[PDB]
Amino acid sequence: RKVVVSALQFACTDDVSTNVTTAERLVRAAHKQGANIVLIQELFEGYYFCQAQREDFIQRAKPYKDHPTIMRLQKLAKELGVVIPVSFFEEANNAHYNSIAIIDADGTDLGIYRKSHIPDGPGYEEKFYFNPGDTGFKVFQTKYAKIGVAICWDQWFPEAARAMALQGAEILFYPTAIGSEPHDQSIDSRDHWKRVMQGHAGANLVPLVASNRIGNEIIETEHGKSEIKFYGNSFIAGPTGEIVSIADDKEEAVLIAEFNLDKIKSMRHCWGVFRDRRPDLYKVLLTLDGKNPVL
Amino acid sequence: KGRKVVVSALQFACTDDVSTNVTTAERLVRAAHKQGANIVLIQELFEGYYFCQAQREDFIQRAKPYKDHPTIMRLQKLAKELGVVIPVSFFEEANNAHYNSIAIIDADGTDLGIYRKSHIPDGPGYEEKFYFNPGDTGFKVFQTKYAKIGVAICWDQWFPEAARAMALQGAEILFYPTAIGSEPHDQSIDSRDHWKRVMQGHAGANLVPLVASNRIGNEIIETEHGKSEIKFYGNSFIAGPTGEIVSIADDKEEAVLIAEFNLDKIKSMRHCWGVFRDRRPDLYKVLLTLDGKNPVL
Amino acid sequence: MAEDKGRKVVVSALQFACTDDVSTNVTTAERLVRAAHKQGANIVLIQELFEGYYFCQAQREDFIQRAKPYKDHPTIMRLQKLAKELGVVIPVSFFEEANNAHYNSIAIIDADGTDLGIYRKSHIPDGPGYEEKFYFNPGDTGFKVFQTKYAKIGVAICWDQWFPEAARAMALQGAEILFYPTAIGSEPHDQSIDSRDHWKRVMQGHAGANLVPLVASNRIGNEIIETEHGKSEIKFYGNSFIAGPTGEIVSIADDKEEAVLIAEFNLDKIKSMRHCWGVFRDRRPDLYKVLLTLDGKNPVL
Amino acid sequence: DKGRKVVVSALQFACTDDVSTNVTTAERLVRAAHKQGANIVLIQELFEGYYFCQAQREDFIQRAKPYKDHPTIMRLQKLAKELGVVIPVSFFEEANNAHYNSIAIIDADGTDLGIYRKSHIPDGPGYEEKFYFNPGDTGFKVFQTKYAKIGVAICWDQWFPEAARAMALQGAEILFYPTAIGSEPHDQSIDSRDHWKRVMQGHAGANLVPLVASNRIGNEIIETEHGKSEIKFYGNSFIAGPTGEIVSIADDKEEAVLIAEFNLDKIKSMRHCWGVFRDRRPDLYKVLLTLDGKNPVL
Amino acid sequence: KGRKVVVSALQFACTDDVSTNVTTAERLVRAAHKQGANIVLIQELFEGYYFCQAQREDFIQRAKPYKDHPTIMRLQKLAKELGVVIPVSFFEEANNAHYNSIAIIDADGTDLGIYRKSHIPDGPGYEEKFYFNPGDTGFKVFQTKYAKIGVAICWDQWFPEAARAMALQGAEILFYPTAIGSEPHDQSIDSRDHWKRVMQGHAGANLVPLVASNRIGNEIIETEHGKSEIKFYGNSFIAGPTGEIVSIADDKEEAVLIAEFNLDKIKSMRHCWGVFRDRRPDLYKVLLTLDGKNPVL
Amino acid sequence: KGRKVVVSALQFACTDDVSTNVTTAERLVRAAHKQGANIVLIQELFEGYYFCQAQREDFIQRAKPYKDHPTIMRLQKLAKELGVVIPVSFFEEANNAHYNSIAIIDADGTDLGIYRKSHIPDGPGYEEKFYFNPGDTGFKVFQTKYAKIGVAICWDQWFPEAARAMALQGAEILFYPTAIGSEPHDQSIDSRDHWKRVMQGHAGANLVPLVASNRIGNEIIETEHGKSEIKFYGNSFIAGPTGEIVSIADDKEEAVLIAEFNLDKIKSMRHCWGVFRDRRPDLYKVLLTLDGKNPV
């Protein structure tokens with residue numbers, strides 16, 4: 001069982017149809033290079049608007065139901081025969097989420113995952129827009145494989161990766177948007193960010209895919225202009241956490257790595273980390289302060 | 001710029017003859033429509049006297065099935081003729097069950113369904129518990145031609161849970177037909193101020209406009225223990241999304257209240273304020289108890 | 001001076017003995033239906049499986065083939081003509097064949113002769129003398145009410161009458177009167193069992209708890225059936241009766257006479273009494289989930 | 001005649017509106033029942049005072065007390081322990097802002113086994129219980145006592161076959177119903193006593209379990225918001241067998257101690273053999289979870 | 001190459017003493033274990049004579065609760081000692097309901113839960129409908145240390161629906177404890193060949209091995225109408241995944257039957273045959289009727 | 001005493017010439033009738049070689065519409081002449097759809113309607129998938145002058161659900177025209193015993209007789225890869241209501257199997273055994289899933 005996977009890395013304008021045209025052109029090229037499962041970066045429908053905390057930007061959200069972009073990638077997914085996770089800003093009555101729709105090989109929409117861990121701070125004011133996720137971590141059974149799909153900031157938490165691997169995830173996927181921070185140009189998070197994810201891969205014995213955007217984006221915030229240089233470094237790690245394919249910080253990229261899933265599962269089962277786990281001693285992970293279980 | 005909706009609260013006195021009262025409601029619905037109304041709200045159990053001052057066997061038989069109801073059917077023609085949304089309050093018989101109900105008529109005459117009053121009041125003058133099974137529809141919202149609306153009934157207006165339930169389901173405007181006034185056992189009770197404040201609270205906490213239509217007039221009912229009298233205090237009103245009263249009637253006059261809301265700006269104002277983004281349903285389990293400890297089955 | 005308003009309806013319970021010849025028993029039924037109609041009856045109730053002996057004392061292959069389809073049933077068709085002639089409602093109890101399934105059924109014939117449909121016995125009894133589980137699939141129509149020319153009625157069959165759930169299911173759906181055709185008597189394996197008083201009190205309890213009148217028609221006579229282990233006898237104990245909405249018995253037959261019982265009810269006054277008493281206003285379905293278990297803990301799928 | 005035997009008792013008495021007096025009365029009669037061999041003794045509903053629900057008064061709501069350290073429950077626990085008898089104690093419960101018509105089941109060793117909160121709440125002239133009590137939220141319960149597994153419910157609950165069946169399905173071997181019922185102050189023509197008995201006898205026969213009903217006697221006048229209101233409570237406390245037969249019954253005005261012995265092993269055997277529980281059709285009972293015959297409640 | 005499992009069907013005659021019969025089971029389980037068995041199947045209602053020839057009040061009281069059942073508890077010790085999976089058939093009392101049930105004990109002694117007999121037979125010699133409520137667990141599969149298995153009971157074995165339900169839920173092997181023999185009212189009835197053919201059919205249609213353990217011996221029961229005799233015919237067998245019988249007992253002696261199955265090669269063979277991807281559940285709705293027309297509720 | 005019906009299973013080798021095969025079918029139907037048959041079953045797709053081996057474009061044109069089918073019409077004449085029921089297997093063209101189908105002809109020559117094969121497999125020697133859409137008729141029963149019958153086709157015969165569906169609706173006899181033999185990929189599998197066991201299973205579980213007609217002979221079709229060959233193993237048989245084989249053919253010669261059944265006695269036996277009285281459809285919802293969890 002040989003599933004091919006791809007990481008995509010492009011620049012965005014602040015125009016839905018031009019951006020979707022970009023993803024649509026890079027997904028078709030992935031399929032040309034033999035891709036089965038194609039990953040598109042976070043909130044690629046537009047500029048990373050979370051630098052500002054503006055009332056009108058909340059109204060960029062749209063319902064999950066009959067979503068114009070989901071609907072347009074389902075046709076593309078079905079025609080190529082590729083799995084495609086679709087990042088979008090979701091409105092649900094008065095709730096709002098940073099969410100992703102998993103569209104299978106036949107165009108079928110298999111459901112939704114809602115970003116659980118929400119970042120905050122200058123340039124990344126995501127807590128102003130998103131309710132923290134209520135779906136829980138999910139695995140999606142696709143024609144090619146069982147896949148763990150979470151979103152951006154979720155990639156920093158070992159709990160997310162572990163939860164997905166416990167639920168049958170043969171591969172983990174993370175659509176991302178990260179770069180410089182507008183308040184301090186001395187902050188360079190690229191090495192640290194790769195390292196944390198490399199750790200999830202090696203600890204669970206599952207390959208990993210991270211798609212991150214590039215280019216410069218200037219947002220008109222409530223306090224004047226704010227700029228981010230997204231640093232790319234979209235990559236694919238193997239089940240031991242090794243970097244097999246890696247993009248640069250500036251150029252557009254279409255990554256590919258083929259994995260023998262049945263043999264990676266024999267590698268995982270023989271190492272026996274899952275049978276060796278001690279859930280009886282992990283109750284402290286249900287606390288925030290290291291003593292009080294949350295309700 | 002944005003979807004606009006003109007809403008209206010009506011306030012009038014009732015005899016105990018259905019034909020008269022429906023004729024009265026029709027006259028006021030037309031006057032609201034002449035002033036630009038798209039959704040018009042008629043007071044609770046308007047077809048007759050507020051009979052719940054008595055606990056009488058024979059009054060139970062005022063109920064009628066939802067199916068082919070002559071007052072709903074008559075008002076469906078009006079809605080369609082005028083292009084107006086009309087929630088119609090009525091006493092429902094459903095086999096051996098009975099409910100204080102309301103059917104939502106859309107601007108094209110279409111009966112969109114019903115809501116059965118959930119919280120049932122009790123005590124001298126307001127013996128509703130004797131007549132109505134507690135509602136089993138749960139809180140609802142209705143997609144009309146002008147807006148998603150949440151309609152509940154009278155006593156439901158005192159419960160933040162009901163307004164919150166409707167808002168969570170996408171209600172853009174809340175409506176409460178009412179029958180409230182003095183209490184026959186104690187002349188010192190005057191609940192009008194308290195009544196308004198609690199509702200203003202719902203409107204401000206959910207950032208949605210709110211409409212309340214209340215009865216006026218004195219009604220004297222023969223009860224199992226003699227005459228009982230209520231002076232209904234009107235005070236029908238419309239409140240905006242921060243709870244401010246934008247239209248209000250006095251305690252005796254017949255009234256047609258009008259108010260226009262921009263529903264796209266309000267949606268935008270509601271999301272911006274962030275309350276729905278910040279709710280903690282994980283910490284609200286206690287609300288599924290009556291006694292602060294034991295969850296209900 | 002005027003009569004008290006409200007729809008009146010006159011109901012009747014019949015009580016008779018059967019032979020094992022279908023023509024003789026339908027002739028008996030028709031004679032008694034006509035006698036009931038002569039006394040003013042609007043709805044007449046014939047006892048369970050009246051077409052023959054209560055054959056369920058035996059567990060025999062050949063007795064299963066006594067079933068017949070609901071479609072073009074000779075007995076139903078014949079009683080349809082009688083109902084139309086007299087202008088009376090007649091529920092018709094019969095053993096139904098439905099491809100490979102079999103049921104103990106009842107067809108409700110309206111006062112204009114129209115077949116309004118069927119109910120299939122839900123609770124199936126078992127044991128010496130009453131081996132019904134051998135013949136009948138448990139009913140799959142669920143509890144029903146039928147809108148007749150005179151009233152909305154609830155009809156169930158024999159063993160069903162021991163279950164408060166059935167009576168309440170019918171009342172909840174608007175049944176204004178309950179009917180139960182019955183075949184019950186002595187038990188061949190133990191002559192000390194005399195269930196007649198127990199039988200009455202359970203049904204009177206249904207009428208009182210739902211505030212609806214109730215009609216039970218039961219068989220009389222001794223019947224001997226040839227079983228796989230020899231002859232077995234039941235003495236059917238009659239006691240057909242009509243009960244009012246507080247459970248009071250208004251008419252009752254003895255254990256051996258042929259009877260035509262007659263009682264008039266004002267359905268509008270009883271409706272009003274039923275609602276004022278308030279039991280239906282006060283019910284707690286939220287606490288009744290345990291009723292959907294057999295063992296008090298596990299809900300059935 | 002082998003098998004576990006249990007002796008049950010129904011008490012019937014008049015109440016004043018003073019708590020100390022009425023509890024002294026209950027203790028007198030529980031001792032009289034025990035002297036006659038009773039193992040489980042049933043005291044009538046809200047016996048601590050007059051049946052105050054004829055009125056709808058603010059101040060009457062404050063007669064309620066917490067379940068915790070309830071003085072009447074504590075006093076009767078001592079008596080239960082002294083005599084070795086099971087004693088259900090009816091009381092008006094305050095639980096934060098909720099209020100219930102409740103009953104605490106005291107075992108023969110004096111242990112508080114838990115509470116049942118009245119589910120079906122009556123309403124109308126003379127019986128304005130819906131003004132005082134939240135409808136109960138414990139659900140129907142059964143309690144394992146030293147003598148038997150029992151099902152205890154309260155007053156108006158006795159009209160509902162669903163409550164008896166719920167208790168039977170969960171193993172209840174005897175059903176107990178403390179009661180307060182009599183005339184109705186708005187219409188002297190209403191006499192519910194035969195209807196009342198008939199419905200309970202229905203429960204006993206349909207579930208094949210014995211049933212004990214203890215009812216109040218005497219005239220009571222309550223000062224209501226609209227003037228005096230009077231009820232004459234009609235007694236008729238009784239004990240029914242597993243076929244619904246009345247085995248013991250009191251009149252409408254006598255103070256009474258009723259006594260009945262039951263063989264629970266033989267009744268269990270009879271119950272199972274009759275087959276009603278073997279033959280039930282819960283797959284066809286969903287309509288029971290509706291009020292209107294059509295719509296399942298949330 | 002793959003996960004191997006050795007299964008066993010046991011066959012013996014019952015006495016009227018419980019302990020004797022559990023000890024007979026214990027002796028035969030140890031004999032299966034000695035010959036390499038991992039999962040061992042004991043016949044239906046093995047604790048005593050097949051009492052269902054009679055319809056008696058006192059026989060119903062032979063039932064016992066699932067909780068702290070002495071026979072289940074004793075067999076748990078044996079399961080843990082030998083490291084063998086043991087399904088334990090028993091007559092369950094559950095408040096007022098009664099069932100013909102079976103508890104699946106895992107190789108470490110753990111009680112995995114129970115299955116209640118779904119299809120209850122009836123007629124002379126087999127009056128089971130008098131004793132048991134139809135099962136309400138539905139068909140189940142259990143995950144044991146050696147395999148996911150489907151266990152159903154006696155009469156259940158005549159129904160293609162039970163066997164399919166278990167395989168669809170992942171059963172790798174079907175098990176059917178049985179009590180079947182002659183019929184007391186008609187000596188011409190010999191159902192043994194028909195009985196095997198139907199099960200062999202289940203094995204072949206689902207491509208899973210099947211094990212059936214049947215009783216031997218003549219039993220005379222005192223019924224309400226005199227003596228009734230059944231001659232139990234044994235013929236316990238184990239069938240492979242195409243329905244071929246690979247081990248079979250005679251009609252009169254004790255037997256310990258043993259067979260090994262490569263469950264991964266069988267899984268692969270089942271997947272390859274493809275029957276399960278080729279089913280048409282969209283065309284099977286009539287299976288939810290009894291009469292070929294009306295779906296049950 | 002009771003309705004007696006004589007049924008027949010025919011078995012022969014096909015040539016790849018339509019006329020010849022139809023003439024062969026006719027000869028054997030007449031032979032069956034001469035031995036007393038009332039209902040006669042001809043094997044699946046008898047008009048030619050079993051072509052589902054290969055996946056060829058020109059083979060699709062062997063399909064013909066249900067209306068005015070020349071083989072059906074000719075067999076209608078034969079049914080009316082002799083007074084025998086004849087289910088006619090054929091390759092149906094219906095617009096953008098094609099089906100493996102069978103039309104039931106009554107003893108008076110009346111076309112009673114059709115059933116379209118429901119279960120469509122894959123695999124070498126039997127690539128049914130490329131030629132036939134999944135049947136949309138559902139499982140049917142047909143009332144003939146002699147009995148209510150249920151008919152299903154080739155691959156359908158592995159599915160207990162189809163046999164049960166027919167029996168629930170009144171089928172008193174089940175008919176299964178088929179084509180099965182070796183597999184061109186590996187000559188070690190011999191499925192004839194597995195096949196018989198599953199069908200005997202359906203006869204015994206539903207207490208209905210069952211007739212299966214299978215072809216004999218070797219057949220070589222030129223395909224995409226190269227010459228594919230199959231040896232059809234015959235073994236046509238008639239089973240009774242307990243699943244006993246009452247009549248059976250070998251793997252190499254023509255046969256006309258005959259068996260008489262008393263449908264009234266069998267119906268009485270079926271009901272007394274009780275399986276239909278004892279079914280639990282309230283516990284069978286999982287059967288409306290493919291994966292054993294989610295309804296379709």
Side-chain angles (χ1 to χ4, degrees), chain D residues 3-13 23 25-45 47 72-73 75-91 102-116 140-155 157-158 163-164 167-168 170-179 200 203-204 207-216 237-242 245-250 255-268 271:
Chain D
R4 290 179 294 140
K5 309 293 192 311
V6 61
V7 185
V8 304
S9 181
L11 306 178
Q12 177 165 295
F13 62 90
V23 175
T25 302
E27 292 176 326
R28 176 168 54 79
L29 293 169
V30 168
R31 288 187 187 275
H34 174 255
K35 178 168 190 158
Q36 284 168 59
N39 301 132
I40 307 181
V41 181
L42 188 65
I43 299 170
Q44 67 206 48
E45 185 195 24
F47 72 100
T72 293
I73 296 178
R75 179 173 170 177
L76 290 169
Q77 278 177 280
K78 298 193 298 174
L79 183 63
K81 180 173 162 168
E82 176 195 354
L83 304 179
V85 312
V86 173
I87 303 172
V89 183
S90 170
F91 75 106
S102 303
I103 187 148
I105 306 305
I106 309 313
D107 205 1
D109 60 359
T111 296
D112 190 340
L113 296 170
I115 49 174
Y116 161 77
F140 311 109
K141 286 181 72 182
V142 302
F143 296 85
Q144 179 65 72
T145 77
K146 302 301 188 170
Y147 297 108
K149 189 169 292 186
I150 64 177
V152 183
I154 302 162
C155 202
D157 288 322
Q158 75 206 156
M167 286 183 293
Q170 296 176 79
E173 300 185 277
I174 306 178
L175 296 183
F176 294 89
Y177 297 95
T179 305
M200 283 183 280
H203 309 332
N207 295 284
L208 299 97
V209 296
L211 179 153
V212 184
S214 298
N215 192 33
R216 182 180 290 244
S237 296
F238 69 87
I239 304 168
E245 199 187 76
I246 300 299
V247 299
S248 185
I249 191 163
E255 187 171 80
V257 177
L258 304 181
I259 301 295
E261 178 174 282
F262 295 109
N263 184 327
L264 302 172
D265 290 327
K266 290 177 175 182
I267 293 170
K268 171 185 172 184
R271 171 163 65 255

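What's counted below: heavy atoms across the whole structure, side chains too, no hydrogens, waters or symmetry copies. So you know, we letter chains A, B, ... as the sequences are listed, proteins then strands, and number each from 1.
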Counting N and O atoms only, with roles assigned by atom type, does the side chain of [X] sit under 3.5 Å from a partner on the main chain of [Y], one being a donor and the other an acceptor?
{"X": "D/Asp107", "Y": "D/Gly110", "result": "no"}
{"X": "D/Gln44", "Y": "D/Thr179", "result": "no"}
{"X": "D/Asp109", "Y": "D/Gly84", "result": "no"}
{"X": "D/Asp112", "Y": "D/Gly114", "result": "yes"}
{"X": "D/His203", "Y": "D/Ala164", "result": "no"}
{"X": "D/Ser9", "Y": "D/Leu258", "result": "yes"}
{"X": "D/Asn39", "Y": "D/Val85", "result": "no"}
{"X": "D/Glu45", "Y": "D/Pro178", "result": "no"}
{"X": "D/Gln170", "Y": "D/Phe140", "result": "yes"}

Distance, nearest 0.5 Å, that separates [atom1] of [X] from [atom2] of [Y]:
{"X": "D/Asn215", "Y": "D/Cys155", "atom1": "CG", "atom2": "SG", "answer": "7.0 Å"}
{"X": "D/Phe262", "Y": "D/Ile239", "atom1": "CZ", "atom2": "CD1", "answer": "6.5 Å"}
{"X": "D/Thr145", "Y": "D/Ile87", "atom1": "OG1", "atom2": "CD1", "answer": "12.0 Å"}
{"X": "D/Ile174", "Y": "D/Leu264", "atom1": "CD1", "atom2": "CG", "answer": "5.0 Å"}
{"X": "D/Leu208", "Y": "D/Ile267", "atom1": "CG", "atom2": "CD1", "answer": "9.5 Å"}
{"X": "D/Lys141", "Y": "D/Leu113", "atom1": "NZ", "atom2": "CG", "answer": "9.0 Å"}

[X] and [Y]: which non-hydrogen atoms are nearest, and at how many Å?
{"X": "D/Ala10", "Y": "D/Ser237", "value": "CB-CB, 4.5 Å"}
{"X": "D/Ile40", "Y": "D/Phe176", "value": "CG2-CZ, 3.6 Å"}
{"X": "D/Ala104", "Y": "D/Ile73", "value": "CB-CD1, 3.8 Å"}
{"X": "D/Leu42", "Y": "D/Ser214", "value": "O-OG, 2.9 Å"}
{"X": "D/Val257", "Y": "D/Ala33", "value": "CG1-CA, 3.9 Å"}
{"X": "D/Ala26", "Y": "D/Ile43", "value": "CB-CD1, 3.9 Å"}

**Prompt:** Are there more than 12 heavy atoms of other residues, nucleotides or ligands under 6.0 Å from atom NZ of D/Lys81?
**Reply:** no

**Item:** From CA spacing to verdict: side chain to side chain contact (heavy atoms under 4.5 Å, CB included), D/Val86, D/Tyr147
**Value:** CA-CA 8 Å; D/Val86 173; D/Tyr147 297 108; 4.0 Å; yes

**Request:** Using salt bridge (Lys or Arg N to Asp or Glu O under 4.0 Å) as the criterion, list what pairs up with D/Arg75, not counting sequence neighbours.
**Result:**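 D/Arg75: salt bridge (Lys or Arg N to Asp or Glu O under 4.0 Å) contacts with D/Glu27.
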
**Request:** Before giving the answer on side chain to side chain contact (heavy atoms under 4.5 Å, CB included), spell out for D/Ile103 and D/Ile105 the whole-Å C-alpha distance, their side-chain angles and the decisive distance to 0.1 Å.
**Result:** CA-CA 6 Å; D/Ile103 187 148; D/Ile105 306 305; 4.2 Å; yes

**Prompt:** When you look at D/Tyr177 and D/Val212, which way does the side chain to side chain contact (heavy atoms under 4.5 Å, CB included) test go after all the steps?
**Reply:** CA-CA 6 Å; D/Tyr177 297 95; D/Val212 184; over 6 Å; no

**Asked** Any chance the side chains of D/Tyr116 and D/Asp157 put a donor and an acceptor closer than 3.5 Å?
**Response** yes

**Request:** Go through the steps to decide whether D/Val30 and D/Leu79 satisfy the test side chain to side chain contact (heavy atoms under 4.5 Å, CB included), and finish with yes or no.
**Result:** CA-CA 9 Å; D/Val30 168; D/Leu79 183 63; 3.8 Å; yes

**Message:** Would you call the rings of D/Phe47 and D/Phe13 parallel, tilted or perpendicular, taking 30° and 60° as the class edges?
**Reply:**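 Taking D/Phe13 first and then D/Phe47, their aromatic rings stand perpendicular (interplane angle over 60°).
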
**Message:** Taking the side chain as everything from C-beta on, heavy atoms only, tell me whether D/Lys266 gets closer than 4.5 Å to D/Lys5.
**Reply:** no

**Prompt:** For D/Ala172, which residues count as a side-chain contact (heavy atoms from CB on, under 4.5 Å) partner, sequence neighbours excluded?
**Reply:** D/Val142, D/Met167, D/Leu175

**Asked** Do D/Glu173 and D/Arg4 sit within salt-bridge range, that is, some charged N less than 4.0 Å from a carboxylate O?
**Response** yes

